Amino acid sequence: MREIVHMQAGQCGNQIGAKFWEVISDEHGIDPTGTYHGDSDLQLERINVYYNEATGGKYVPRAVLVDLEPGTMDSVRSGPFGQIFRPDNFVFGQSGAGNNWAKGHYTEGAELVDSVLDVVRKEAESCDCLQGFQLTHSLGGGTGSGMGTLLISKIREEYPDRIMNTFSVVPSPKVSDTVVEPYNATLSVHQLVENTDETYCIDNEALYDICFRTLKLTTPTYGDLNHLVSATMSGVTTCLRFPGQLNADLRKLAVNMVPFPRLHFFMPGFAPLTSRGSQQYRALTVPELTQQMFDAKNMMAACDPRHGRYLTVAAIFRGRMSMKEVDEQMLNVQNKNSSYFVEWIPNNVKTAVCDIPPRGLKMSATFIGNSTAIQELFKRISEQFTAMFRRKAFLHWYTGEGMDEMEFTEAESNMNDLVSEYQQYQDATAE
Amino acid sequence: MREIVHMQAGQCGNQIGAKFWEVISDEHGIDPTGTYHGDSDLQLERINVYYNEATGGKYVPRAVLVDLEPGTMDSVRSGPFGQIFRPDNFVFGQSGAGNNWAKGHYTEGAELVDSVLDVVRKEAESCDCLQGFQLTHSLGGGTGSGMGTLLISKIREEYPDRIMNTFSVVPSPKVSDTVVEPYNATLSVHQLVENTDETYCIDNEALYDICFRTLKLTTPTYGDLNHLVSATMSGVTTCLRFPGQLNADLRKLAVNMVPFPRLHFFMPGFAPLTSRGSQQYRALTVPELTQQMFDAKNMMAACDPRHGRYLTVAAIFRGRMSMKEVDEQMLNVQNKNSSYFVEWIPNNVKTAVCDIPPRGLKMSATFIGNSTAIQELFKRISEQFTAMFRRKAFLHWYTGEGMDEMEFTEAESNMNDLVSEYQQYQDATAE
Amino acid sequence: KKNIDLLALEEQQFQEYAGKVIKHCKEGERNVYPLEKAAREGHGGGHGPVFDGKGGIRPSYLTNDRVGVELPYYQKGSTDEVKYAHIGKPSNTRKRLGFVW
Amino acid sequence: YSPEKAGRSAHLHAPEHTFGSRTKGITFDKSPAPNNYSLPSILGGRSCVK
Amino acid sequence: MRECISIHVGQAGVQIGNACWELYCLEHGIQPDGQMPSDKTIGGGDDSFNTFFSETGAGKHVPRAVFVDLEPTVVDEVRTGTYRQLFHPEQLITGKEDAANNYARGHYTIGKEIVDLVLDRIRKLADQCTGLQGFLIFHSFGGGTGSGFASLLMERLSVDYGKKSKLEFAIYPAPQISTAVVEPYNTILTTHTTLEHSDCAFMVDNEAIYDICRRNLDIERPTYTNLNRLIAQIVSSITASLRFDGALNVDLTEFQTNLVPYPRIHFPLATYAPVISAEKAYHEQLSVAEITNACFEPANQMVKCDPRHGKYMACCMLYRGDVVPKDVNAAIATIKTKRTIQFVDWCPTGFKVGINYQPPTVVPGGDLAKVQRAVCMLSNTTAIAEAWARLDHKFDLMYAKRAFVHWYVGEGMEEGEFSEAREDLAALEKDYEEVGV
Amino acid sequence: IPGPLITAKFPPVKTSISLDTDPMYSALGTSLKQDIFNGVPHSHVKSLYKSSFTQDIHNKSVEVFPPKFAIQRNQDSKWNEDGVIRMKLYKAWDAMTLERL
Ligand SMILES: Nc1nc2c(ncn2[C@@H]2O[C@H](COP(=O)(O)OP(=O)(O)OP(=O)(O)O)[C@@H](O)[C@H]2O)c(=O)[nH]1
Ligand SMILES: Nc1nc2c(ncn2[C@@H]2O[C@H](COP(=O)(O)OP(=O)(O)O)[C@@H](O)[C@H]2O)c(=O)[nH]1
Ligand SMILES: Nc1nc2c(ncn2[C@@H]2O[C@H](COP(=O)(O)OP(=O)(O)O)[C@@H](O)[C@H]2O)c(=O)[nH]1
Ligand SMILES: [Mg+2]
């Protein structure tokens, strides 16, 4: 009866939460009204992980939706699966952060943090285990980043021994889609580094490339991308809800990934992702399932692991499936090329096997790769920040509400320290 | 077989008491005419506490309606459940004296107090063993806060043995609605201290906060506020009317809750007060009932319980439950929130369960807290009164009707004396 | 279930009185529009959908500020048409991303 | 052995409970008062709007 | 919910308000009488009008505009025209004597009288709100009440209302086209006095709209009605995300902080695409790449300044219609491949995008035709320095021997304020050069 | 195709809950109870004694009517019991004659 309090922060956060709750309501067999219409008892045996209890056969999510603009809350309420959400967990403002980390953290937004911590306390001590909290936020927005970082700071101050994963839509390398996004990304990572426990860096351009090259789809919209991110969420927290031959929970995954506390930025990944017409050309077995999951095309982040070294790799396999082949392929990728693998960790693969496949699949897999190749994304964010900061561009907006350049210099000091730490643990030898 | 009379005073007290009789009449299953038409025999098992038999199968409330303006009184008579009172307890006045403690206690009301005491005596020795009286009024006017407290003093010198309840609406900084409210409240608290056994201070500001941010009403008016106050009254004196697993008599609560003879100013509360939209999203259990009891949002006074120390705390549950979990939840609140409790009183929560729930939801529980945060209300009323008194504003009316600055400043002295008594037992060194 | 049926009885008992008064005012040739705006299906002050699955309640989503202010409604027909012109009944995201089984 | 103690993860855990508190709000910025504008004269000599 | 009060001032303000409020009413479905037929038995719960229109409880959608002017002619033309009962007649403020194209007369003598009346009107329309996003002032730098009364309005609004964003649509004087002669004096003065009180200041050149209408809209003889159709489409595409549901919806304060690098430089350029007419939009698909290339085409801007003689400091593109984000990023990347688009040296993240769902609304009689997708692009460039130098040369060349100065002295402003405004715009030119290099 | 937990907390059991309320008490209620206590009232709830200590316990009890390990009376039982009354009487007589003497 371990469980997670889910949190949606920002416009991106509310859309990602809506699609995530849709996909796991479909996973557990729950209609938009909130009633169980599934057939298997395994779909209902562990439902307190994400769902609370209401009057009747209702099943409300244990989610808190936070926004400073009313339009996104309007969309989530009035779209599909809006009936299932509680009206009191819709905590929101009216003015708007306006793409400013300062205006989402220090001024208004710190005016909502008391109410949001009230609701987080509400559904946090309305529990018995509370494995942890989840924040599906975006880096590059005002209330996506500043509000999210403030909430993570307060929640980690109150409950410091609990899993605090974040899903961190990071800025794209090419085509910015936001101007002050290097400022927001640097000043938000500066809080995530010593606040969160684990972070799944997801990139919109990489999701576009997946939905275009692999799944064809030509027009990939946002529902498809959001369903990939939500399927990654299910592939992460599937062994905690469903029985497996060898299951792994959030604490177990965190322990087997991070070797040092400031190394919790990972690579999402899902398999199989094949098109409609290519679904009847490829066999769906363990070898294809692991090679399409280790493919660098399939990397849900925006940095090639070919130039870089894996620290650790998590493979969460799913389905009634043999696992001698699973262990043999986890061995075989390392033995084929251990050059893209740290030699000071001998067997750097954590493996979980769950019995119940995701709804609509026979057998699937999920990738969580702690790599030293993510340092180039952080270096890119740092160089964009200092390029836009040495001329003090877009700085009056942040300094008007109560911070100064000292905080930006501290953020860059921490950022470059983590970049050097990744370089050190990449180039470090065994002896 | 213990009975308490009801005495309504003033416009506020008359409307609140009218709604109180109107919501307990169908709690006991009574016609607007007065005849029984309820479901269970337990509705009529204990009916002599509030009612009297008449000719035929009809019942007359043991209530005296006292107000100086006939408009409020005949509005009460012409309202729903108005044709149930005996038309001999209606004691109207002559003028509209009003918002004037002198035109209450000293003039006008002294010409009516003899008739009111006669009709109260007629209703009082018309029973076998009188337990006590409850009077409903507001400390803003001149009828509720004036000659009503004169009635309180006369009853105290007449029957100096019985339990006394005053459900007093006390002024607020916001929703003030009157300019002589500090004068009336400061003159009325002096009589409320040494002549009552227990008082219930109720804030219109907190009532509006509940009715607008928790019940989500478009038009809150006053019927809804009187419904809240009346539900609190029924939750208090339900153990006299219904059997329970353990019961809480009025004198039992008076013994358990006031430690020292002049600290009987309790702020009430009630749970579950929930919105129509959000009623289907929470289930009804003792744990979340404890939240919605102890929440500062659902406290019927504008005091902040974090700004003080709970001396004693009630939990009068009403429904079908397990009081293993009731008792351990009352333990758990003290175990966690140990800062906001007096350390020289161990387990300062008196709990009871009165089996038969209120009509409607499956469970409820009313709250009576003797917090030290009511000194915010008294300190603010006292400072407003001494702000208006040094310039002697609105004092010529009181001096014309007969007072002096000696009585005004001795009321001020006793009022700050009460503030000092609560500050003494607020946060300090117990040993 | 009895509580849900009581809400349904509440709505069907209010709406006959509302229809009687609306028909009388329409016979008397009034504006009718404030009456028709007040007599909307649902059981709350929100401007949202009726939410027929949850007993037909338009919940009250409120802003945390000095004065409440309800969450508005913005979903039109043309916006929904161009929103679902490419994705096509949003449960089809799963079927579009493979996920056939 | 005394299994009567050590029961945080042993038996079913009843929820430890906090306190609640009120919220203040956004505290909206100032609107510049009804008194602040002195309307131009209408009655008298030459006016500007009438 | 997210309200925006429109502050139409001057003859340009009144005409732009007419041709913009007709678009707003027909886009929200509101009839000229005020009521919405809008099949109210079906649905009718859309509060998409609660940014520009206020309820009455009766179905009357009173707008949120204050048509202020000094001559009675255009305001009385509004009060006589088809949108007569739509506007509250206490919202259409008029004076008696015109400013006669004098900043001094419109700011010191005539403007000092009715500014209190219009500010009380602003107070009523502002506390008849639930949280105000920002005022929108549609004025002209040509001269008169569009430059001096707008000055006094902003100088009072900055003190009265908090931060309270203060968006500007401005009719900038064309490089060679001019209907007046004291246009440089008025433009220098109003730029100097609204430098520290404005947040964004979108200028539009009538010569550039003339070129656009004669080339793309295929109009041989355009006029101010068509010019204000283009301005109305610009402002609708800007504040459509505040009203309508979108995917990457971008409200009023986002594209201020994503577009304005420094508080002194708040002068973006607004470009709309496609501006093609019906007979030629019959002939090709108006896809996302085509309309993005149309916005970045230099002979489609609405101020006659060459963007190739300048550096794009920031660019905020608002796509509107049937638009897919991978096409957005593909078009942006294809734009960024080209080297003749030179973004500024210190801003590599030069783009802020927004996507709104509803296609832009067409008008029955306007020459812009009904498209299913469109772009409004707002860009800060250093290419406005050439326009500022063009008008600076005219101001110095007219102020060298003191032409049309005794009028400003007589109706009130002193001799030195010309020099203060002169050095202020010289400082702005040096600021543009410094942020450009 | 049922399931253990699914059947356990979605029971196909149709009990007999009375709710025999007059359709005038049911209309005077749910009009006070329009926003606060908006639910079907629990008139079926009995007291703890009334619902726990029922005659059905004695009806379904299968205890043997003679408990097979109970002691009997016998032929000298009544005489032995009234012998204690003899002890009281013929010691009180001696005690109170001693009191007199
Ligand atoms: N684009 C556009 N420009 C206009 C319009 N009306 C006026 N203008 C411009 O405004 C400039 C002069 O300002 P006006 O608006 O005509 O006059 P005003 O602002 O009311 O001030 P006064 O001259 O004192 O009446 C002219 O050079 C025009 O170019 C319009 O409807 N559309
Ligand atoms: N994956 C995903 N990305 C989004 C979504 N909405 C916006 N984004 C990205 O996030 C950035 C803007 O963040 P935004 O939602 O405005 O942050 P906020 O203002 O704090 O809510 C843009 O660059 C988009 O590419 C979404 O629904 N899903
Ligand atoms: N809760 C509640 N308060 C009321 C009601 N009517 C009046 N009041 C309060 O009573 C105060 C006025 O006191 P008043 O009734 O005139 O006292 P009186 O002179 O004894 O009649 C006002 O400040 C109101 O806030 C009511 O129906 N409900
Ligand atoms: Mg004019």
# chains A, B, ... in the order shown; residues from 1 in each chain; ligands from 1
>>> interface_residues(of="chain F", to="chain B", cutoff="10 Å", atoms="only C-alpha atoms", output="PDB file with N, CA, C and O atoms, in the first residue's frame")
ATOM      1  N   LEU F  19     -36.331   2.759   5.173  1.00  0.00           N
ATOM      2  CA  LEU F  19     -36.599   4.137   4.745  1.00  0.00           C
ATOM      3  C   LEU F  19     -38.077   4.361   4.405  1.00  0.00           C
ATOM      4  O   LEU F  19     -38.437   4.765   3.297  1.00  0.00           O
ATOM      5  N   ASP F  20     -38.934   4.083   5.386  1.00  0.00           N
ATOM      6  CA  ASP F  20     -40.382   4.249   5.241  1.00  0.00           C
ATOM      7  C   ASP F  20     -40.788   5.623   5.781  1.00  0.00           C
ATOM      8  O   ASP F  20     -41.297   5.769   6.893  1.00  0.00           O
ATOM      9  N   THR F  21     -40.596   6.639   4.945  1.00  0.00           N
ATOM     10  CA  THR F  21     -40.763   8.033   5.326  1.00  0.00           C
ATOM     11  C   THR F  21     -41.977   8.619   4.614  1.00  0.00           C
ATOM     12  O   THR F  21     -42.215   8.328   3.438  1.00  0.00           O
ATOM     13  N   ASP F  22     -42.750   9.425   5.343  1.00  0.00           N
ATOM     14  CA  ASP F  22     -43.906  10.090   4.760  1.00  0.00           C
ATOM     15  C   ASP F  22     -43.461  11.063   3.669  1.00  0.00           C
ATOM     16  O   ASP F  22     -42.432  11.738   3.819  1.00  0.00           O
ATOM     17  N   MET F  24     -44.296  13.929   3.059  1.00  0.00           N
ATOM     18  CA  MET F  24     -44.398  15.276   3.601  1.00  0.00           C
ATOM     19  C   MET F  24     -43.251  15.589   4.546  1.00  0.00           C
ATOM     20  O   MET F  24     -42.727  16.704   4.523  1.00  0.00           O
ATOM     21  N   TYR F  25     -42.832  14.617   5.358  1.00  0.00           N
ATOM     22  CA  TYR F  25     -41.575  14.736   6.082  1.00  0.00           C
ATOM     23  C   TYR F  25     -40.407  14.753   5.109  1.00  0.00           C
ATOM     24  O   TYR F  25     -39.459  15.529   5.279  1.00  0.00           O
ATOM     25  N   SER F  26     -40.481  13.931   4.059  1.00  0.00           N
ATOM     26  CA  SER F  26     -39.473  13.893   3.005  1.00  0.00           C
ATOM     27  C   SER F  26     -39.456  15.154   2.147  1.00  0.00           C
ATOM     28  O   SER F  26     -38.500  15.354   1.391  1.00  0.00           O
ATOM     29  N   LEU F  28     -40.545  18.416   3.718  1.00  0.00           N
ATOM     30  CA  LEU F  28     -40.028  19.390   4.670  1.00  0.00           C
ATOM     31  C   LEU F  28     -38.526  19.244   4.861  1.00  0.00           C
ATOM     32  O   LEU F  28     -37.833  20.255   5.018  1.00  0.00           O
ATOM     33  N   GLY F  29     -38.007  18.015   4.850  1.00  0.00           N
ATOM     34  CA  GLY F  29     -36.595  17.793   4.641  1.00  0.00           C
ATOM     35  C   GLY F  29     -36.237  17.968   3.177  1.00  0.00           C
ATOM     36  O   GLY F  29     -37.100  18.095   2.309  1.00  0.00           O
ATOM     37  N   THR F  30     -34.926  17.987   2.917  1.00  0.00           N
ATOM     38  CA  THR F  30     -34.333  18.264   1.596  1.00  0.00           C
ATOM     39  C   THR F  30     -34.772  19.623   1.044  1.00  0.00           C
ATOM     40  O   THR F  30     -34.752  19.857  -0.167  1.00  0.00           O
ATOM     41  N   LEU F  32     -34.499  22.400   3.897  1.00  0.00           N
ATOM     42  CA  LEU F  32     -33.451  22.878   4.785  1.00  0.00           C
ATOM     43  C   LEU F  32     -32.126  22.358   4.254  1.00  0.00           C
ATOM     44  O   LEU F  32     -31.099  23.043   4.297  1.00  0.00           O
ATOM     45  N   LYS F  33     -32.164  21.131   3.741  1.00  0.00           N
ATOM     46  CA  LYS F  33     -30.991  20.311   3.480  1.00  0.00           C
ATOM     47  C   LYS F  33     -30.641  20.406   1.997  1.00  0.00           C
ATOM     48  O   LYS F  33     -30.440  19.412   1.297  1.00  0.00           O
ATOM     49  N   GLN F  34     -30.567  21.639   1.524  1.00  0.00           N
ATOM     50  CA  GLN F  34     -30.332  21.900   0.115  1.00  0.00           C
ATOM     51  C   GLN F  34     -28.853  22.032  -0.194  1.00  0.00           C
ATOM     52  O   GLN F  34     -28.409  21.640  -1.276  1.00  0.00           O
ATOM     53  N   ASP F  35     -28.085  22.579   0.744  1.00  0.00           N
ATOM     54  CA  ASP F  35     -26.641  22.717   0.633  1.00  0.00           C
ATOM     55  C   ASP F  35     -25.899  22.046   1.783  1.00  0.00           C
ATOM     56  O   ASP F  35     -24.947  21.296   1.552  1.00  0.00           O
ATOM     57  N   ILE F  36     -26.307  22.298   3.025  1.00  0.00           N
ATOM     58  CA  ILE F  36     -25.779  21.585   4.182  1.00  0.00           C
ATOM     59  C   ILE F  36     -26.616  20.334   4.387  1.00  0.00           C
ATOM     60  O   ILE F  36     -27.850  20.386   4.325  1.00  0.00           O
ATOM     61  N   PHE F  37     -25.936  19.204   4.617  1.00  0.00           N
ATOM     62  CA  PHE F  37     -26.559  17.890   4.813  1.00  0.00           C
ATOM     63  C   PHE F  37     -27.395  17.468   3.608  1.00  0.00           C
ATOM     64  O   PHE F  37     -28.463  16.871   3.758  1.00  0.00           O
ATOM     65  N   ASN F  38     -26.914  17.772   2.403  1.00  0.00           N
ATOM     66  CA  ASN F  38     -27.595  17.374   1.172  1.00  0.00           C
ATOM     67  C   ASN F  38     -27.325  15.890   0.940  1.00  0.00           C
ATOM     68  O   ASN F  38     -26.425  15.488   0.199  1.00  0.00           O
ATOM     69  N   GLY F  39     -28.133  15.063   1.593  1.00  0.00           N
ATOM     70  CA  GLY F  39     -28.048  13.625   1.431  1.00  0.00           C
ATOM     71  C   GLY F  39     -29.280  12.969   2.009  1.00  0.00           C
ATOM     72  O   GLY F  39     -30.042  13.581   2.761  1.00  0.00           O
ATOM     73  N   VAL F  40     -29.475  11.714   1.631  1.00  0.00           N
ATOM     74  CA  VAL F  40     -30.599  10.937   2.166  1.00  0.00           C
ATOM     75  C   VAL F  40     -30.342  10.641   3.639  1.00  0.00           C
ATOM     76  O   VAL F  40     -29.287  10.074   3.977  1.00  0.00           O
ATOM     77  N   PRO F  41     -31.250  11.001   4.543  1.00  0.00           N
ATOM     78  CA  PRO F  41     -30.979  10.820   5.972  1.00  0.00           C
ATOM     79  C   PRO F  41     -30.996   9.357   6.389  1.00  0.00           C
ATOM     80  O   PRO F  41     -31.694   8.522   5.807  1.00  0.00           O
ATOM     81  N   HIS F  42     -30.200   9.057   7.416  1.00  0.00           N
ATOM     82  CA  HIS F  42     -30.019   7.689   7.899  1.00  0.00           C
ATOM     83  C   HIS F  42     -30.999   7.434   9.041  1.00  0.00           C
ATOM     84  O   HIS F  42     -30.644   7.407  10.221  1.00  0.00           O
ATOM     85  N   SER F  43     -32.266   7.246   8.671  1.00  0.00           N
ATOM     86  CA  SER F  43     -33.286   6.889   9.649  1.00  0.00           C
ATOM     87  C   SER F  43     -33.220   5.422  10.048  1.00  0.00           C
ATOM     88  O   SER F  43     -33.822   5.038  11.056  1.00  0.00           O
ATOM     89  N   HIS F  44     -32.505   4.598   9.280  1.00  0.00           N
ATOM     90  CA  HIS F  44     -32.409   3.172   9.565  1.00  0.00           C
ATOM     91  C   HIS F  44     -31.423   2.859  10.681  1.00  0.00           C
ATOM     92  O   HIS F  44     -31.406   1.725  11.173  1.00  0.00           O
ATOM     93  N   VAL F  45     -30.599   3.827  11.084  1.00  0.00           N
ATOM     94  CA  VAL F  45     -29.541   3.561  12.052  1.00  0.00           C
ATOM     95  C   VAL F  45     -30.151   3.407  13.437  1.00  0.00           C
ATOM     96  O   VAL F  45     -30.845   4.304  13.932  1.00  0.00           O
ATOM     97  N   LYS F  46     -29.893   2.266  14.069  1.00  0.00           N
ATOM     98  CA  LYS F  46     -30.393   1.983  15.405  1.00  0.00           C
ATOM     99  C   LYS F  46     -29.307   2.294  16.432  1.00  0.00           C
ATOM    100  O   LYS F  46     -28.190   2.691  16.091  1.00  0.00           O
ATOM    101  N   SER F  47     -29.624   2.111  17.712  1.00  0.00           N
ATOM    102  CA  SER F  47     -28.644   2.287  18.769  1.00  0.00           C
ATOM    103  C   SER F  47     -27.699   1.089  18.804  1.00  0.00           C
ATOM    104  O   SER F  47     -27.936   0.056  18.167  1.00  0.00           O
ATOM    105  N   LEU F  48     -26.598   1.238  19.548  1.00  0.00           N
ATOM    106  CA  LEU F  48     -25.592   0.181  19.623  1.00  0.00           C
ATOM    107  C   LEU F  48     -26.151  -1.069  20.290  1.00  0.00           C
ATOM    108  O   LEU F  48     -25.972  -2.184  19.784  1.00  0.00           O
ATOM    109  N   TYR F  49     -26.846  -0.896  21.421  1.00  0.00           N
ATOM    110  CA  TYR F  49     -27.553  -2.002  22.060  1.00  0.00           C
ATOM    111  C   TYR F  49     -28.588  -2.614  21.129  1.00  0.00           C
ATOM    112  O   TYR F  49     -28.606  -3.838  20.942  1.00  0.00           O
TER     113      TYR F  49
END
>>> interface_residues(of="chain A", to="chain D", cutoff="9 Å", atoms="only C-alpha atoms", output="list in words")
residues 93, 94, 95, 108, 109, 111, 112, 114, 115, 118, 121, 122, 125, 126, 127, 128 and 129 of chain A
>>> interface_residues(of="chain B", to="chain A", cutoff="12 Å", atoms="only C-alpha atoms", output="ChimeraX atom specification")
/B:213-216,274-292,295-297,332-333,336,361-362
>>> write_last_selection(atoms="N, CA and C atoms", output="compact mmCIF listing (two decimals), in the first residue's frame")
# COMPACT_ATOMS: atom_id res chain seq x y z
N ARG B 213 -16.19 29.81 1.01
CA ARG B 213 -15.01 29.11 0.55
C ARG B 213 -15.04 27.61 0.85
N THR B 214 -16.05 27.13 1.57
CA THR B 214 -16.18 25.71 1.84
C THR B 214 -17.51 25.13 1.38
N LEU B 215 -18.61 25.85 1.58
CA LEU B 215 -19.91 25.41 1.10
C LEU B 215 -20.21 25.88 -0.32
N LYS B 216 -19.45 26.86 -0.82
CA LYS B 216 -19.51 27.32 -2.21
C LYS B 216 -20.90 27.83 -2.59
N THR B 274 -19.38 20.43 3.82
CA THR B 274 -18.76 20.22 2.52
C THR B 274 -19.68 20.71 1.42
N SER B 275 -19.08 21.01 0.27
CA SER B 275 -19.83 21.53 -0.86
C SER B 275 -20.58 20.41 -1.58
N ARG B 276 -21.59 20.82 -2.34
CA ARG B 276 -22.38 19.86 -3.11
C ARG B 276 -21.55 19.19 -4.19
N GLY B 277 -20.67 19.95 -4.85
CA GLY B 277 -19.81 19.36 -5.86
C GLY B 277 -18.79 18.39 -5.28
N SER B 278 -18.17 18.76 -4.16
CA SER B 278 -17.09 17.97 -3.58
C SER B 278 -17.57 16.95 -2.56
N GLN B 279 -18.89 16.83 -2.35
CA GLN B 279 -19.39 15.83 -1.41
C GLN B 279 -19.22 14.41 -1.95
N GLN B 280 -19.25 14.24 -3.27
CA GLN B 280 -19.10 12.92 -3.86
C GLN B 280 -17.65 12.50 -4.04
N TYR B 281 -16.70 13.38 -3.71
CA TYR B 281 -15.29 13.10 -3.95
C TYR B 281 -14.53 12.69 -2.69
N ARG B 282 -15.02 13.06 -1.51
CA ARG B 282 -14.57 12.51 -0.24
C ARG B 282 -15.57 11.52 0.33
N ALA B 283 -15.05 10.39 0.78
CA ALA B 283 -15.81 9.45 1.59
C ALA B 283 -15.92 9.99 3.02
N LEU B 284 -16.74 9.33 3.83
CA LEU B 284 -17.05 9.83 5.17
C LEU B 284 -16.46 8.88 6.21
N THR B 285 -15.34 9.29 6.81
CA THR B 285 -14.65 8.48 7.81
C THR B 285 -14.19 9.36 8.97
N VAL B 286 -13.93 8.69 10.09
CA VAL B 286 -13.40 9.38 11.27
C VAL B 286 -12.07 10.10 11.03
N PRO B 287 -11.07 9.52 10.32
CA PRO B 287 -9.84 10.29 10.09
C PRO B 287 -10.03 11.62 9.38
N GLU B 288 -10.72 11.66 8.24
CA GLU B 288 -10.88 12.94 7.56
C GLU B 288 -11.87 13.83 8.30
N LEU B 289 -12.79 13.23 9.07
CA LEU B 289 -13.63 14.02 9.96
C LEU B 289 -12.79 14.76 10.99
N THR B 290 -11.69 14.16 11.44
CA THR B 290 -10.80 14.83 12.38
C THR B 290 -10.11 16.04 11.73
N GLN B 291 -9.65 15.90 10.48
CA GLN B 291 -9.19 17.04 9.70
C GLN B 291 -10.22 18.15 9.60
N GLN B 292 -11.43 17.80 9.18
CA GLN B 292 -12.41 18.84 8.91
C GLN B 292 -12.98 19.40 10.21
N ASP B 295 -9.55 21.73 11.41
CA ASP B 295 -9.12 22.74 10.45
C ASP B 295 -9.52 24.13 10.91
N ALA B 296 -8.61 25.09 10.73
CA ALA B 296 -8.91 26.47 11.06
C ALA B 296 -9.89 27.09 10.07
N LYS B 297 -10.00 26.52 8.87
CA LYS B 297 -10.98 27.00 7.90
C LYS B 297 -12.40 26.73 8.36
N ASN B 332 -3.69 11.05 18.32
CA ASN B 332 -2.72 11.36 17.28
C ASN B 332 -2.60 12.85 17.02
N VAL B 333 -3.71 13.59 17.14
CA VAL B 333 -3.62 15.04 16.95
C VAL B 333 -2.76 15.66 18.04
N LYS B 336 1.04 14.66 17.34
CA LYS B 336 1.76 15.45 16.35
C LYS B 336 1.81 16.92 16.73
N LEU B 361 -26.01 13.22 6.25
CA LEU B 361 -24.80 12.42 6.07
C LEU B 361 -24.70 11.36 7.16
N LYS B 362 -23.83 10.38 6.91
CA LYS B 362 -23.73 9.21 7.78
C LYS B 362 -23.10 9.57 9.12
>>> residues_near_ligand(ligand="ligand 4", cutoff="12 Å", atoms="only C-alpha atoms and all ligand atoms", output="PyMOL selection string")
chain E and resi 8-15+67-75+94-102+106+139-140+142-149
>>> residues_near_ligand(ligand="ligand 2", cutoff="6 Å", atoms="only C-alpha atoms and all ligand atoms", output="list in words")
residues 10, 11, 12, 15, 16, 99, 138, 140, 141, 142, 143, 144, 177, 178, 204 and 226 of chain A; 248 of chain E
>>> select_by_dssp(residues="stretch 194-275 of chain A", states="alpha helix (DSSP H)", output="count of residues only")
30
>>> select_by_dssp(residues="stretch 246-329 of chain B", states="strand (DSSP E or B)", output="ChimeraX atom specification")
/B:246,265-271,299,310-319
>>> residues_around(residues="residue C:33", least_positions_apart="2", cutoff="9 Å", atoms="only C-alpha atoms", output="VMD selection string")
(chain C and resid 30 to 31 35 to 38) or (chain E and resid 57 to 59)
>>> residues_around(residues="stretch 387-389 of chain A", least_positions_apart="6", cutoff="8 Å", atoms="only C-alpha atoms", output="list in words")
residues 395 of chain A; 346, 347 and 348 of chain E
>>> write_last_selection(atoms="N, CA, C and O atoms", output="CSV table (one decimal), in the first residue's frame")
chain,number,residue,atom,x,y,z
A,395,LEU,N,17.2,40.8,-17.6
A,395,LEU,CA,17.6,40.7,-16.2
A,395,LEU,C,16.7,41.5,-15.3
A,395,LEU,O,16.5,41.2,-14.2
E,346,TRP,N,23.9,38.4,-28.6
E,346,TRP,CA,23.8,37.9,-27.2
E,346,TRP,C,22.5,37.1,-26.9
E,346,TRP,O,22.3,36.8,-25.7
E,347,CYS,N,21.7,36.8,-27.9
E,347,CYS,CA,20.5,36.1,-27.7
E,347,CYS,C,20.3,34.9,-28.7
E,347,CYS,O,19.8,35.1,-29.8
E,348,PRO,N,20.9,33.8,-28.3
E,348,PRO,CA,20.7,32.6,-29.2
E,348,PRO,C,19.3,32.0,-29.1
E,348,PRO,O,18.7,31.5,-30.1
